[PDB]
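Visitor: Below you'll find the structure I mean.
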Amino acid sequence: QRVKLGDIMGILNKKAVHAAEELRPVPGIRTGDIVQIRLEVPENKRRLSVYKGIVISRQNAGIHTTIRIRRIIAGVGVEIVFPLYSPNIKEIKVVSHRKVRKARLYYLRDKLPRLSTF
Amino acid sequence: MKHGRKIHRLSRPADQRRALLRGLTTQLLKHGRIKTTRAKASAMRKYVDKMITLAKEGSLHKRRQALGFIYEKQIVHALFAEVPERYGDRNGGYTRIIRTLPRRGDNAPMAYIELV
Amino acid sequence: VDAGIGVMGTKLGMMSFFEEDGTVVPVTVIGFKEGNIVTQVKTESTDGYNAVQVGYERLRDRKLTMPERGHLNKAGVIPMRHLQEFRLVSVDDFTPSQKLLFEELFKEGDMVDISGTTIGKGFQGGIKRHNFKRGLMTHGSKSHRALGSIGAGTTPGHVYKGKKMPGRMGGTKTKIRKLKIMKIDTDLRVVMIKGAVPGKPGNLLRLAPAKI
Amino acid sequence: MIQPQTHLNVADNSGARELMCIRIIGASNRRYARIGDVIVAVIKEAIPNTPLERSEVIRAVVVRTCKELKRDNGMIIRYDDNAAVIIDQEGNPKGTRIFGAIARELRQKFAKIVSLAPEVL
Amino acid sequence: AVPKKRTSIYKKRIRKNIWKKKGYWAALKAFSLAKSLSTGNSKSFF
RNA sequence: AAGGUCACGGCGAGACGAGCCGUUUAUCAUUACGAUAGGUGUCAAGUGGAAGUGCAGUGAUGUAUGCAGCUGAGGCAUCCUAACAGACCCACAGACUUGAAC
RNA sequence: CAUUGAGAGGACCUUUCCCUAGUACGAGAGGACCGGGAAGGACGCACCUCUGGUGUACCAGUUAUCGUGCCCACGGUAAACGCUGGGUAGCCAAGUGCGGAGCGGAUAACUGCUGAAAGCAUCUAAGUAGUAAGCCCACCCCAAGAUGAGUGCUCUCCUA
RNA sequence: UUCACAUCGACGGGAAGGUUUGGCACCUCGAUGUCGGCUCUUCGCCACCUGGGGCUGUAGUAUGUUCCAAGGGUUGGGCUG
RNA sequence: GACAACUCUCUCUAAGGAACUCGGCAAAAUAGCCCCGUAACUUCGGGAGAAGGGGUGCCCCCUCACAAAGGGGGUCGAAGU
């Protein structure tokens, strides 16, 4: 049997992530990818919001392994930070892969927007 | 506040502190004993241990790592072509910090490094 | 005085607990190296008040003096590094011998106030201890960040005491109040206590229901 | 994060084109105005035929702001352009068409704003 | 910034005494190092 | 003597004194205590595709081996190195009065 | 070691909405402070889960040049690191968590209750009730150098 | 509107303050460094705002005034030294 | 040796960009070589590098002198004096 060690926190984080993974399967997202999020919202009577965009970066930290995501809307640069294991994402889907040579595209913000139209 | 920062830094600025560690480890791997103030002893301890283990795995890439760190050219070839016999299965903890009397002139704590 | 007896745990990092509703809440994580055991109880007659003395962090006998081990031994308990008593409204019903308690209780009292030695920031200055301001950084100015004035002229003739000089900032214990408990796991004997509690992970952390 | 000297865009076709924020209304803080608040914008320049001319102090809303923006679910929307929408203090805007997305939460106070957006998000 | 008036002999003797004495405490340390350096098992002083 | 202090290894402690935790057969064994710093081994994490060789290219350059490679003051494991040797302060029952019980 | 706490200190702050209720009140216009509920604001105490700043440990692009014999790969140098991107820990905040309380006792202004001096009256002379962010305790942090130096459960030795 | 005192109070009178402008010139010319800002105080009230109350020419919502109240609070700017 | 506060010599700073202030003082920001264009005024010399805009790194190719430079194509970084 045995007993859990003093540095338990890592194990706790791993368990939650595991449960989230079991509940939903998420393909690995790598800086560059071009995802759609189908996202459950409280009352909207359809409440499957769509969020296309480029994954600017990935802040992997346990149950907050989060993606920020840039897409152009009517004229302005929307830039969101979804978590992955959030029990509210109905599902993610990785569409393309722009093949960028970097790890965190903050330049893609303030270039010309013809680059960031999903 | 220091809290958390664990880079042993010497009395010197960044550049010159690098240079002091590289030269000083070179001369350790050359002679085997050395006499430095205690602080320099600790700071050595880390890096020279890195070089030793870097020689424990004598592939080209690593050899070029070490070729880039240490100044003296041939102490490297002697070193990695010599140690994976010396430190076969010693497995970490290579130095030894046998210390000694202070330094008339500063009463600066002074220590005396080995390789064992 | 406190409302009820409390326990003492240890700060173990933080994280987020995704509430099944889908809201994100930070939490910290409380842990017990060794279990809290009562090691005394003092009455209003034999002694001056009422309180129960719990202990934490069992340790080897060496680490610990003779007066200690004698004190621990008299009550017939295991060793224990830390040792503090909760003064309690004089209603004590405790056998001072190893009434190992538990969190069968804090889940009911869903608001807990903890006492933690904060972390220590050396000898901090005026601008940060007391939230002063600072003079202009340009415009010929020559006193940035300095404590500025002190007092008035001849009359006060000195500096009113309790003036806000600089000095040592952290290091003294502090409460935190009405901080609510949250889903707990008895198999791991861990607490997932919302909020942010005094101290970098690994200091002792008293933990006792509120005093509303 | 709107200090009192920022140039906002406008998100509508009310007639303004940019406008200085003066000393926000409501929250007594005013050293910081964020989404869903109101500000006293004096127009800077406008399309030159509009009943909102050079330097007409007016009251407006913030609808986009470059600083982060927390939510409940734990996402953070941050646009690139600080933007406003000229308002009346009893409801609806006075520009009919609205540009760009807005935040859905300000619905619970600004319903008429949100209904006219092309992306409520 | 400039002292008003010279101190007594009294006070000064107090502080000089604290100086020297501050030297007192730091001998018995060296005397421990001596009384241990008299040949014995130890890893110091090659 | 109980306890200390120093020394020795260091810290989420610290201007220096302070504090706090160590100080090795550093367990071994049937559910918590004896890893303190380093080194090592591994994992988180960061950056982001190493070197060499091959292929495609006239050449810049790409491409495969390859989330590889360098990082690894964070997490555990590991006695490999260092807590060796010591030394010092600390005492003998806590003057004088009545009171009380046996 | 655990501690009572005389004393001392910080904090008990403030707006807008909704229910009460369009009720009472008003010809209507307008439109209740009796009490609840939420959001704030300044402030205060904290904390790194998130978002970020810096991070001269670190990784990567790259300019000029010198050195490693040479190409490749590296190293040095450019008031501290050449200039730039990215960043764990730490420390920070524009981030996050919480906080100003059933509080209870005396009161000031004021409203009183019984009631003579004064065979009416009067809150007062006897005695009592209510009641203010103001006072005291409570809250939170020190605290027996409180020389008035407290308390108790353990130790330590009576061999000279 | 009538009604001296809800409110303003002519004509004249009696005080407290000590901070304006002053009167003396007593200390200080072997020297007591000025105005205004910055930072940081702390205290007073005769109270501006928040707590409670009378009276109101107070229907309510606003008030107007006084009474106890210094625990707190007492913005950001443009112009001028 | 340690690495408190704080003064100086410096680097960076999220969102705003003079709101600071006696005054944008001091910082930061442009900047080189080619190429387009260059106004009000004027003593008709000047203004004028006005203003403002664009390319520029390496490789391959042939031309214009055929010493440079330019034209075409490619490749790389977020960023090419």
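Residues in the structure tokens are named by chain (A, B, ... in the order shown) and by number from 1 within that chain; ligands are numbered from 1 in the order shown.
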Counting only C-alpha atoms (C1' of nucleotides), which residues of chain C come no farther than 12 Å from chain H, as an mmCIF file with C-alpha atoms, in the first residue's frame?
Guide:
data_model
loop_
_atom_site.group_PDB
_atom_site.id
_atom_site.type_symbol
_atom_site.label_atom_id
_atom_site.label_comp_id
_atom_site.auth_asym_id
_atom_site.auth_seq_id
_atom_site.Cartn_x
_atom_site.Cartn_y
_atom_site.Cartn_z
ATOM 1 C CA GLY C 126 9.417 53.357 4.232
ATOM 2 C CA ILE C 127 8.027 53.240 0.712
ATOM 3 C CA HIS C 130 3.831 51.645 5.276
ATOM 4 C CA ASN C 131 2.828 52.393 1.683
ATOM 5 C CA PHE C 132 4.387 55.805 1.533
ATOM 6 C CA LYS C 133 4.733 57.710 -1.700
ATOM 7 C CA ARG C 134 7.830 59.123 -3.292
ATOM 8 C CA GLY C 135 9.002 62.494 -4.451
ATOM 9 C CA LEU C 136 9.407 63.399 -8.059
ATOM 10 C CA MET C 137 11.951 61.236 -9.850
ATOM 11 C CA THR C 138 12.939 64.120 -12.127
ATOM 12 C CA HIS C 139 12.592 67.908 -12.020
ATOM 13 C CA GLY C 140 15.835 68.479 -10.229
ATOM 14 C CA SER C 141 14.537 66.488 -7.321
ATOM 15 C CA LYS C 142 17.066 64.930 -5.046
ATOM 16 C CA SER C 143 15.053 62.990 -2.447
ATOM 17 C CA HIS C 144 13.372 60.018 -4.048
ATOM 18 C CA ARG C 145 11.856 57.298 -1.986
ATOM 19 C CA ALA C 146 13.278 58.791 1.194
ATOM 20 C CA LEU C 147 11.078 59.009 4.223
ATOM 21 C CA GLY C 148 10.602 62.715 3.695
ATOM 22 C CA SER C 149 9.752 64.882 6.646
ATOM 23 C CA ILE C 150 9.408 63.734 10.214
ATOM 24 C CA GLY C 151 7.687 66.315 12.393
ATOM 25 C CA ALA C 152 7.003 69.979 13.061
ATOM 26 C CA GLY C 153 9.295 72.695 14.377
ATOM 27 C CA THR C 154 10.320 73.688 17.880
ATOM 28 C CA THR C 155 7.088 72.823 19.682
ATOM 29 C CA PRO C 156 6.722 69.055 19.227
ATOM 30 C CA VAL C 159 9.300 62.939 16.795
ATOM 31 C CA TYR C 160 5.921 61.686 17.991
ATOM 32 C CA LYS C 161 6.374 58.104 18.892
ATOM 33 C CA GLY C 162 4.880 55.389 16.793
ATOM 34 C CA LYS C 163 6.123 57.304 13.786
ATOM 35 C CA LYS C 164 6.234 55.235 10.599
ATOM 36 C CA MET C 165 9.971 54.791 10.159
#
Visitor: What residues in chain B have any atom no more than 7 Å from chain E when counting only C-alpha atoms, and can you write them as an mmCIF file with N, CA and C atoms, in the first residue's frame?
Guide:
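Produced file part_15.cif, reproduced below:
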data_model
loop_
_atom_site.group_PDB
_atom_site.id
_atom_site.type_symbol
_atom_site.label_atom_id
_atom_site.label_comp_id
_atom_site.auth_asym_id
_atom_site.auth_seq_id
_atom_site.Cartn_x
_atom_site.Cartn_y
_atom_site.Cartn_z
ATOM 1 N N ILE B 98 38.546 19.975 1.625
ATOM 2 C CA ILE B 98 39.417 20.040 2.789
ATOM 3 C C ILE B 98 39.921 21.458 2.967
ATOM 4 N N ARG B 99 39.569 22.083 4.075
ATOM 5 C CA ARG B 99 39.757 23.505 4.279
ATOM 6 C C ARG B 99 40.970 23.765 5.151
ATOM 7 N N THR B 100 41.294 25.038 5.353
ATOM 8 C CA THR B 100 42.603 25.370 5.899
ATOM 9 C C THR B 100 42.602 26.792 6.438
ATOM 10 N N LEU B 101 43.696 27.143 7.093
ATOM 11 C CA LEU B 101 43.918 28.404 7.786
ATOM 12 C C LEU B 101 43.578 29.613 6.929
#
Visitor: Up to 8 Å from chain E, what residues of chain F turn up? Count only C-alpha atoms (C1' of nucleotides) and give them as a PDB file with N, CA, C and O atoms (P, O5', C5', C4', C3', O3' and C1' of nucleotides), in the first residue's frame.
Guide:
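Now in iface-v6.pdb:
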ATOM      1  P     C F   6      26.282  30.364  18.897  1.00  0.00           P
ATOM      2  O5'   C F   6      27.746  29.787  18.702  1.00  0.00           O
ATOM      3  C5'   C F   6      28.859  30.574  19.065  1.00  0.00           C
ATOM      4  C4'   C F   6      30.137  29.783  19.063  1.00  0.00           C
ATOM      5  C3'   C F   6      30.525  29.138  17.755  1.00  0.00           C
ATOM      6  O3'   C F   6      31.065  30.074  16.842  1.00  0.00           O
ATOM      7  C1'   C F   6      30.912  27.638  19.533  1.00  0.00           C
ATOM      8  P     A F   7      30.947  29.854  15.260  1.00  0.00           P
ATOM      9  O5'   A F   7      31.510  28.391  15.029  1.00  0.00           O
ATOM     10  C5'   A F   7      32.905  28.161  14.986  1.00  0.00           C
ATOM     11  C4'   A F   7      33.223  26.689  14.998  1.00  0.00           C
ATOM     12  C3'   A F   7      32.765  25.915  13.788  1.00  0.00           C
ATOM     13  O3'   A F   7      33.631  26.086  12.687  1.00  0.00           O
ATOM     14  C1'   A F   7      32.207  24.724  15.728  1.00  0.00           C
ATOM     15  P     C F  84      30.943  16.062  12.241  1.00  0.00           P
ATOM     16  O5'   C F  84      31.914  15.282  11.247  1.00  0.00           O
ATOM     17  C5'   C F  84      32.225  13.892  11.455  1.00  0.00           C
ATOM     18  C4'   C F  84      33.714  13.711  11.631  1.00  0.00           C
ATOM     19  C3'   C F  84      34.272  14.137  12.982  1.00  0.00           C
ATOM     20  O3'   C F  84      34.279  13.041  13.889  1.00  0.00           O
ATOM     21  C1'   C F  84      35.486  15.207  11.262  1.00  0.00           C
ATOM     22  P     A F  85      34.225  13.306  15.466  1.00  0.00           P
ATOM     23  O5'   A F  85      35.532  14.177  15.729  1.00  0.00           O
ATOM     24  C5'   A F  85      36.833  13.691  15.346  1.00  0.00           C
ATOM     25  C4'   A F  85      37.883  14.741  15.623  1.00  0.00           C
ATOM     26  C3'   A F  85      37.753  15.464  16.962  1.00  0.00           C
ATOM     27  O3'   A F  85      38.546  14.823  17.956  1.00  0.00           O
ATOM     28  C1'   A F  85      37.793  17.052  15.215  1.00  0.00           C
ATOM     29  P     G F  86      37.842  14.004  19.136  1.00  0.00           P
ATOM     30  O5'   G F  86      37.488  15.131  20.203  1.00  0.00           O
ATOM     31  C5'   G F  86      36.486  16.105  19.943  1.00  0.00           C
ATOM     32  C4'   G F  86      37.098  17.472  19.783  1.00  0.00           C
ATOM     33  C3'   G F  86      36.998  18.405  20.965  1.00  0.00           C
ATOM     34  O3'   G F  86      37.932  18.104  21.975  1.00  0.00           O
ATOM     35  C1'   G F  86      36.553  19.587  18.975  1.00  0.00           C
ATOM     36  P     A F  87      37.512  18.244  23.513  1.00  0.00           P
ATOM     37  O5'   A F  87      37.474  19.810  23.762  1.00  0.00           O
ATOM     38  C5'   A F  87      38.586  20.620  23.436  1.00  0.00           C
ATOM     39  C4'   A F  87      38.180  22.063  23.321  1.00  0.00           C
ATOM     40  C3'   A F  87      37.429  22.625  24.506  1.00  0.00           C
ATOM     41  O3'   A F  87      38.276  22.983  25.574  1.00  0.00           O
ATOM     42  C1'   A F  87      36.329  23.239  22.529  1.00  0.00           C
ATOM     43  P     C F  88      37.694  22.990  27.063  1.00  0.00           P
ATOM     44  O5'   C F  88      36.623  24.159  27.037  1.00  0.00           O
ATOM     45  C5'   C F  88      37.040  25.502  26.875  1.00  0.00           C
ATOM     46  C4'   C F  88      35.876  26.451  26.881  1.00  0.00           C
ATOM     47  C3'   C F  88      35.004  26.416  28.113  1.00  0.00           C
ATOM     48  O3'   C F  88      35.558  27.114  29.206  1.00  0.00           O
ATOM     49  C1'   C F  88      33.643  26.447  26.202  1.00  0.00           C
TER      50        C F  88
END
Visitor: Return as a Markdown table the residues of chain I lying at most 10 Å from chain B, together with the closest atom-to-atom pair for each and the distance in Å to one decimal, counting only C-alpha atoms (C1' of nucleotides), with rows in chain order and ascending residue number.
Guide:
| residue | atom | partner | partner_atom | distance |
| --- | --- | --- | --- | --- |
| I:1 | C1' | B:108 | CA | 7.8 |
| I:2 | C1' | B:11 | CA | 9.3 |
| I:3 | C1' | B:2 | CA | 7.7 |
| I:4 | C1' | B:1 | CA | 7.7 |
Visitor: Mind writing the picked residues with N, CA and C atoms (P, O5', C5', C4', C3', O3' and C1' of nucleotides) as a PDB file, in the first residue's frame?
Guide:
ATOM      1  P     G I   1      35.192  36.414  -1.784  1.00  0.00           P
ATOM      2  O5'   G I   1      34.434  35.899  -0.480  1.00  0.00           O
ATOM      3  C5'   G I   1      33.026  36.136  -0.301  1.00  0.00           C
ATOM      4  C4'   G I   1      32.678  36.118   1.169  1.00  0.00           C
ATOM      5  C3'   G I   1      31.225  36.433   1.503  1.00  0.00           C
ATOM      6  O3'   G I   1      30.461  35.236   1.591  1.00  0.00           O
ATOM      7  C1'   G I   1      32.637  37.893   2.705  1.00  0.00           C
ATOM      8  P     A I   2      29.371  34.897   0.469  1.00  0.00           P
ATOM      9  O5'   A I   2      28.192  35.918   0.793  1.00  0.00           O
ATOM     10  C5'   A I   2      27.057  35.511   1.581  1.00  0.00           C
ATOM     11  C4'   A I   2      26.627  36.635   2.494  1.00  0.00           C
ATOM     12  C3'   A I   2      25.515  37.533   1.953  1.00  0.00           C
ATOM     13  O3'   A I   2      24.242  37.072   2.389  1.00  0.00           O
ATOM     14  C1'   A I   2      27.375  38.859   2.548  1.00  0.00           C
ATOM     15  P     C I   3      23.473  35.940   1.560  1.00  0.00           P
ATOM     16  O5'   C I   3      23.231  36.633   0.146  1.00  0.00           O
ATOM     17  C5'   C I   3      22.101  37.499  -0.069  1.00  0.00           C
ATOM     18  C4'   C I   3      22.391  38.879   0.476  1.00  0.00           C
ATOM     19  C3'   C I   3      21.815  40.036  -0.332  1.00  0.00           C
ATOM     20  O3'   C I   3      20.537  40.410   0.172  1.00  0.00           O
ATOM     21  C1'   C I   3      24.140  40.346  -0.066  1.00  0.00           C
ATOM     22  P     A I   4      19.997  41.901  -0.045  1.00  0.00           P
ATOM     23  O5'   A I   4      20.874  42.752   0.976  1.00  0.00           O
ATOM     24  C5'   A I   4      20.516  44.107   1.308  1.00  0.00           C
ATOM     25  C4'   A I   4      19.150  44.142   1.953  1.00  0.00           C
ATOM     26  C3'   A I   4      18.409  45.474   1.851  1.00  0.00           C
ATOM     27  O3'   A I   4      17.553  45.486   0.714  1.00  0.00           O
ATOM     28  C1'   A I   4      18.566  44.834   4.118  1.00  0.00           C
TER      29        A I   4
END
Visitor: From chain D, collect each residue whose DSSP state is strand (DSSP E or B) and return the set as a PyMOL selection string.
Guide: chain D and resi 2+7-10+12+16-25+33+38-46+57-64+83-88+91-93+98+101+119
Visitor: Chain D near chain I within 9 Å: what's each residue's closest atom pair and its distance in Å to one decimal, counting only C-alpha atoms (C1' of nucleotides), ordered by chain then ascending residue number, as a Markdown table?
Guide:
| residue | atom | partner | partner_atom | distance |
| --- | --- | --- | --- | --- |
| D:1 | CA | I:15 | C1' | 5.3 |
| D:2 | CA | I:16 | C1' | 6.3 |
| D:3 | CA | I:16 | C1' | 5.8 |
| D:4 | CA | I:19 | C1' | 7.0 |
| D:5 | CA | I:19 | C1' | 6.1 |
| D:6 | CA | I:16 | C1' | 5.8 |
| D:7 | CA | I:16 | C1' | 8.7 |
| D:65 | CA | I:15 | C1' | 8.6 |
| D:66 | CA | I:15 | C1' | 6.7 |
| D:67 | CA | I:15 | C1' | 5.5 |
| D:68 | CA | I:15 | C1' | 8.9 |
Visitor: Can you list, as a ChimeraX atom specification, every protein, DNA or RNA residue that comes within 9 Å of residue 78 (chain A) when you count only C-alpha atoms (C1' of nucleotides), leaving out same-chain residues fewer than 6 positions away?
Guide: /A:69-72 /D:77-80,101
Visitor: Store the residues picked out above, limited to C-alpha atoms, as a PDB file, in the first residue's frame.
Guide:
ATOM      1  CA  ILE A  69      -5.666  32.278 -29.035  1.00  0.00           C
ATOM      2  CA  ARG A  70      -5.703  35.134 -31.512  1.00  0.00           C
ATOM      3  CA  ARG A  71      -8.250  35.718 -34.256  1.00  0.00           C
ATOM      4  CA  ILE A  72      -9.457  38.816 -36.036  1.00  0.00           C
TER       5      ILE A  72
ATOM      6  CA  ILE D  77     -10.545  38.409 -23.485  1.00  0.00           C
ATOM      7  CA  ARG D  78      -8.241  41.238 -24.496  1.00  0.00           C
ATOM      8  CA  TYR D  79      -8.732  43.265 -27.640  1.00  0.00           C
ATOM      9  CA  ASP D  80      -6.164  45.532 -29.235  1.00  0.00           C
ATOM     10  CA  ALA D 101     -17.250  42.294 -30.678  1.00  0.00           C
TER      11      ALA D 101
END
Visitor: Report as number ranges by chain the set of chain B residues whose atoms approach chain G to within 8 Å, with distances computed over only C-alpha atoms (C1' of nucleotides).
Guide: B: 1-5, 7, 13-15, 64, 67-69, 73
Visitor: Could the residues in this selection be written to a file with N, CA, C and O atoms, as a compact mmCIF listing (two decimals), in the first residue's frame?
Guide:
# COMPACT_ATOMS: atom_id res chain seq x y z
N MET B 1 15.13 40.98 -1.85
CA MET B 1 15.46 39.94 -0.90
C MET B 1 15.93 38.71 -1.65
O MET B 1 15.43 38.42 -2.71
N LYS B 2 16.91 38.01 -1.08
CA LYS B 2 17.44 36.82 -1.73
C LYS B 2 16.38 35.77 -1.99
O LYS B 2 16.45 35.08 -3.01
N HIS B 3 15.34 35.71 -1.16
CA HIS B 3 14.53 34.52 -0.97
C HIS B 3 14.40 33.74 -2.26
O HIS B 3 13.90 34.26 -3.25
N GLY B 4 14.88 32.50 -2.26
CA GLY B 4 14.75 31.62 -3.40
C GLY B 4 15.92 31.59 -4.36
O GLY B 4 16.16 30.55 -4.97
N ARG B 5 16.67 32.68 -4.50
CA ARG B 5 17.75 32.75 -5.48
C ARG B 5 18.95 31.97 -4.98
O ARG B 5 19.49 32.26 -3.92
N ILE B 7 21.92 31.13 -6.95
CA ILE B 7 23.12 31.19 -7.77
C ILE B 7 24.23 31.79 -6.93
O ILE B 7 24.23 32.99 -6.64
N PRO B 13 31.38 41.10 -10.89
CA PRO B 13 30.25 41.30 -11.80
C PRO B 13 29.97 40.05 -12.60
O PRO B 13 30.65 39.05 -12.42
N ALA B 14 28.99 40.09 -13.50
CA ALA B 14 28.58 38.87 -14.19
C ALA B 14 29.71 38.31 -15.05
O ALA B 14 30.23 37.21 -14.79
N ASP B 15 30.13 39.07 -16.06
CA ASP B 15 31.16 38.63 -17.01
C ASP B 15 32.36 38.04 -16.30
O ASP B 15 32.73 36.88 -16.50
N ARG B 64 32.47 18.69 -27.29
CA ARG B 64 32.54 20.03 -27.82
C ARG B 64 31.93 21.03 -26.85
O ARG B 64 32.40 22.18 -26.78
N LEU B 67 34.91 21.35 -24.66
CA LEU B 67 35.86 22.10 -25.45
C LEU B 67 35.52 23.58 -25.47
O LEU B 67 36.41 24.42 -25.62
N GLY B 68 34.25 23.92 -25.28
CA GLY B 68 33.82 25.30 -25.27
C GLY B 68 33.88 25.94 -23.91
O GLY B 68 34.08 27.15 -23.80
N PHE B 69 33.74 25.15 -22.85
CA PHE B 69 33.79 25.74 -21.52
C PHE B 69 35.23 25.99 -21.06
O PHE B 69 35.63 27.13 -20.83
N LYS B 73 43.27 23.88 -23.99
CA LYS B 73 42.76 22.92 -24.97
C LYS B 73 43.00 21.49 -24.52
O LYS B 73 42.07 20.69 -24.46
Visitor: Which residues of chain G come within 12 Å of chain C, and for each one, what is the closest pair of atoms and their distance in Å to one decimal, counting only C-alpha atoms (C1' of nucleotides), sorted by chain and residue number, as CSV?
Guide:
residue,atom,partner,partner_atom,distance
G:1,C1',C:68,CA,6.5
G:2,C1',C:84,CA,6.8
G:3,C1',C:85,CA,8.7
G:4,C1',C:48,CA,6.8
G:5,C1',C:48,CA,10.9
G:8,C1',C:162,CA,10.4
G:9,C1',C:162,CA,8.5
G:10,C1',C:162,CA,11.5
G:43,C1',C:131,CA,11.1
G:44,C1',C:130,CA,10.6
G:45,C1',C:176,CA,7.8
G:46,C1',C:198,CA,6.4
G:47,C1',C:196,CA,4.9
G:48,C1',C:14,CA,7.9
G:49,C1',C:15,CA,4.2
G:50,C1',C:26,CA,8.2
G:90,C1',C:200,CA,11.3
G:91,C1',C:121,CA,9.7
G:92,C1',C:128,CA,11.3
G:95,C1',C:26,CA,11.9
G:96,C1',C:26,CA,8.1
G:97,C1',C:195,CA,4.2
G:98,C1',C:177,CA,6.6
G:99,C1',C:177,CA,7.3
G:100,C1',C:177,CA,10.8
G:101,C1',C:212,CA,6.1
G:102,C1',C:212,CA,7.9
G:103,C1',C:212,CA,8.8
G:138,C1',C:211,CA,10.5
G:139,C1',C:211,CA,8.6
G:140,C1',C:175,CA,7.2
G:141,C1',C:174,CA,7.2
G:142,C1',C:172,CA,9.3
G:150,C1',C:48,CA,10.9
G:151,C1',C:48,CA,7.2
G:152,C1',C:47,CA,7.5
G:153,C1',C:71,CA,6.3
G:154,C1',C:71,CA,4.7
G:155,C1',C:67,CA,4.3
G:156,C1',C:66,CA,9.8
Visitor: Give the residues of chain F that lie within 8 Å of chain B; count only C-alpha atoms (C1' of nucleotides), and format the answer as a ChimeraX atom specification.
Guide: /F:12,38-40,51,73,80-82
Visitor: Going by DSSP on the backbone, which bits of chain B are alpha helix (DSSP H)? Write them as number ranges by chain, please.
Guide: B: 14-31, 38-55, 60-69, 73-80, 83-86
Visitor: Do a neighbour search on residue 76 (chain I) at 12 Å with only C-alpha atoms (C1' of nucleotides), toss out local chain neighbours closer than 6 positions, and write the hits as a list in words.
Guide: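 In the requested format, the answer is residues 101 of chain A; 60, 61 and 62 of chain F; 61 and 62 of chain G; 57, 58 and 59 of chain I.
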Visitor: Using the selection just defined, write its residues with C-alpha atoms (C1' of nucleotides) as a PDB file, in the first residue's frame.
Guide:
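To be explicit, this is the file written out as result_21.pdb:
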ATOM      1  CA  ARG A 101       9.608  28.447 -35.714  1.00  0.00           C
TER       2      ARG A 101
ATOM      3  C1'   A F  60      21.808  30.492 -49.944  1.00  0.00           C
ATOM      4  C1'   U F  61      18.928  27.204 -47.439  1.00  0.00           C
ATOM      5  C1'   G F  62      15.581  22.990 -46.448  1.00  0.00           C
TER       6        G F  62
ATOM      7  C1'   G G  61      17.959  34.793 -33.675  1.00  0.00           C
ATOM      8  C1'   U G  62      21.485  37.699 -35.038  1.00  0.00           C
TER       9        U G  62
ATOM     10  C1'   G I  57      20.224  40.543 -45.193  1.00  0.00           C
ATOM     11  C1'   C I  58      22.386  36.305 -47.890  1.00  0.00           C
ATOM     12  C1'   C I  59      22.305  33.213 -52.807  1.00  0.00           C
TER      13        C I  59
END
Visitor: Please identify all residues of chain D having at least one atom at most 7 Å from any atom of chain G, considering only C-alpha atoms (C1' of nucleotides), and return them as a PyMOL selection string.
Guide: chain D and resi 27-29
Visitor: Export N, CA, C and O atoms of the chosen residues as a compact mmCIF listing (two decimals), in the first residue's frame?
Guide:
# COMPACT_ATOMS: atom_id res chain seq x y z
N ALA D 27 -18.19 54.45 -10.18
CA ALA D 27 -17.15 53.99 -9.27
C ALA D 27 -16.25 55.13 -8.85
O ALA D 27 -15.62 55.78 -9.68
N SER D 28 -16.16 55.36 -7.55
CA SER D 28 -15.40 56.48 -7.01
C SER D 28 -13.90 56.34 -7.22
O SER D 28 -13.15 57.19 -6.73
N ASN D 29 -13.44 55.30 -7.93
CA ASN D 29 -12.01 55.05 -8.06
C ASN D 29 -11.38 56.02 -9.05
O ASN D 29 -10.55 56.85 -8.68
Visitor: Taking only C-alpha atoms (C1' of nucleotides) into account, which of C:182, C:89, C:59, C:192 comes nearest chain F?
Guide: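 The shortest atom-to-atom distance to chain F comes from C:59.
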Visitor: So the first atom is CA of residue 38 (chain A) and the second is CA of residue 68 (chain A); what is the distance between them in Å, to one decimal place?
Guide: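 About the pair CA of residue 38 (chain A) and CA of residue 68 (chain A): they are 15.2 Å apart.
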Visitor: Hey, can you check how far CA of residue 106 (chain A) sits from CA of residue 67 (chain A)?
Guide: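 Separation between CA of residue 106 (chain A) and CA of residue 67 (chain A): 12.9 Å.
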Visitor: Show which residues sit within 12 Å of residue 9 (chain D), as a PyMOL selection string. Count only C-alpha atoms (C1' of nucleotides), and ignore same-chain residues fewer than 4 positions away.
Guide: (chain A and resi 75-76) or (chain D and resi 13-21+41+43-46+60-66+80-86+99-100)
Visitor: Taking into account only C-alpha atoms, which residue in the set C:120, C:171, C:157, C:201 is nearest to chain B?
Guide: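 Closest to chain B, using only C-alpha atoms: C:120.
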